[PDB]
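# Sequence plus experimental coordinates follow:
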Amino acid sequence: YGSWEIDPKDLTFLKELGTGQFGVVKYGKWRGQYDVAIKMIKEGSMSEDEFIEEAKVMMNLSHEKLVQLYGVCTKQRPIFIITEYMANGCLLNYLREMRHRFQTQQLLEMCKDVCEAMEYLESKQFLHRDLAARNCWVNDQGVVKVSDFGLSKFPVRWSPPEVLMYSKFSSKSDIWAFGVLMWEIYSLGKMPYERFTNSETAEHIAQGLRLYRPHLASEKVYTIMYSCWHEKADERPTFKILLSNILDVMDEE
Ligand SMILES: NC(=O)c1ncc(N2CCCCC2)nc1Nc1ccc(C2CCNCC2)cc1
């Protein structure tokens, strides 16, 4: 895999971070110096084809607000995937467990971080398809970054009506999910539509129901997230407009 191939001899394992669909992830060091997350891909947990896929995406997209792949170990089994270390873990857990670290000013900056990542993906004509707090990560500085773009149990609660009825995915379905993610952020990690099932949610949003304004969201912040849920996809903003909107509110906060 060219200069993306890392010598497993240069890795050292320090702490276990947990187990996901594809196996154990550990925190470690690369070449004695760099903090890394090491994903030990469980054999059979994923096909060769599925890995060529993931690798293609990860070595060809790069941005300060996307979790950065550092390399792969493919000359043995199990495969290792080595990525940027996100010391504060998943954003969803962060919102629920680390509330002493942020105020509403920081909640908005979390949204701006994600919005920059998605404006970049939009500029590359690349759809995330599962944007949500569970797929955002927080580093030691509190910076939020997006991961697992295009890796796609269906994320009904983050989906617009045209996805649920027609499988019509576009930049505008990522916009919708981004609105829901801002709702997750300002609700400090509640499940969207927390009293409804998935099936109830799909019927309700088709009939025009929308997520209420979280108490920590100002009217101006709510206007931004609400603009993401226009029933007509072509009336939803772009991520570049959203970013401009968010910066304006941070300047007024
Ligand atoms: N890129 C990364 O840094 C990273 N990638 C994947 C991943 N996963 C994948 C799914 C299985 C769970 C771990 N975890 C990662 N970092 C990570 C970092 C810190 C924690 C702490 C946070 C505080 N409380 C204790 C735990 C947990 C996880």
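That came through, no problem. Numbers count the residues shown, from 1 in each chain.

# list the buried ones in the helix or strand that contains residue 185?
Per DSSP states H and E, residue 185 falls inside helix 171-186. Burial within helix 171-186, assessed by neighbour count using 16 or more other CB atoms under 10 Å, is assigned to 171-186. Backbone N, C-alpha and C define where each C-beta goes, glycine included.

# Now the residue in the stretch 151-253 of the chain positioned nearest to the ligand. Nearest residue, chain neighbours left out?
Per CB to the nearest ligand atom, residue 151 is where the stretch 151-253 of the chain lies closest to the ligand, at 12.1 Å. Leaving aside its chain neighbours, residue 151 sits nearest to residue 54 (6.5 Å; criterion: CB to CB, 6 or more residues apart in numbering).

# Around the one you found, how many other residues sit close by?
Residues contacting residue 54 under the criterion other CB atoms under 10 Å number 18.

# Do I have it right that it meets residue 148?
No - applying CB atoms under 8 Å as the test, residue 54 and residue 148 come out as separate, 9.1 Å apart.

# how about the residue of the stretch 101-250 of the chain found nearest the ligand, secondary structure?
Nearest to the ligand in the stretch 101-250 of the chain, going by CB to the nearest ligand atom, is residue 137, at a distance of 5.8 Å. Recorded secondary structure, residue 137: strand (DSSP: H, G, I helix; E, B strand; the rest coil).

# how many neighbours does it have?
27.

# which residues touch it?
By CB atoms under 8 Å, 6 or more residues apart in numbering, the residues touching residue 137 are 67, 86, 88-91, 144-147.

# How about residue 93?
residue 189.

# looking at this, it is in a strand?
No - applying three-state DSSP, one finds residue 93 to be helix, outside a strand.

# From residue 105, how far out is the residue of the stretch 51-200 of the chain found nearest the ligand?
Minimum separation of the stretch 51-200 of the chain from the ligand (CB to the nearest ligand atom) falls at residue 89, amounting to 3.1 Å. In this view, residue 89 and residue 105 are 21 Å apart by CB to CB, to the nearest Å.
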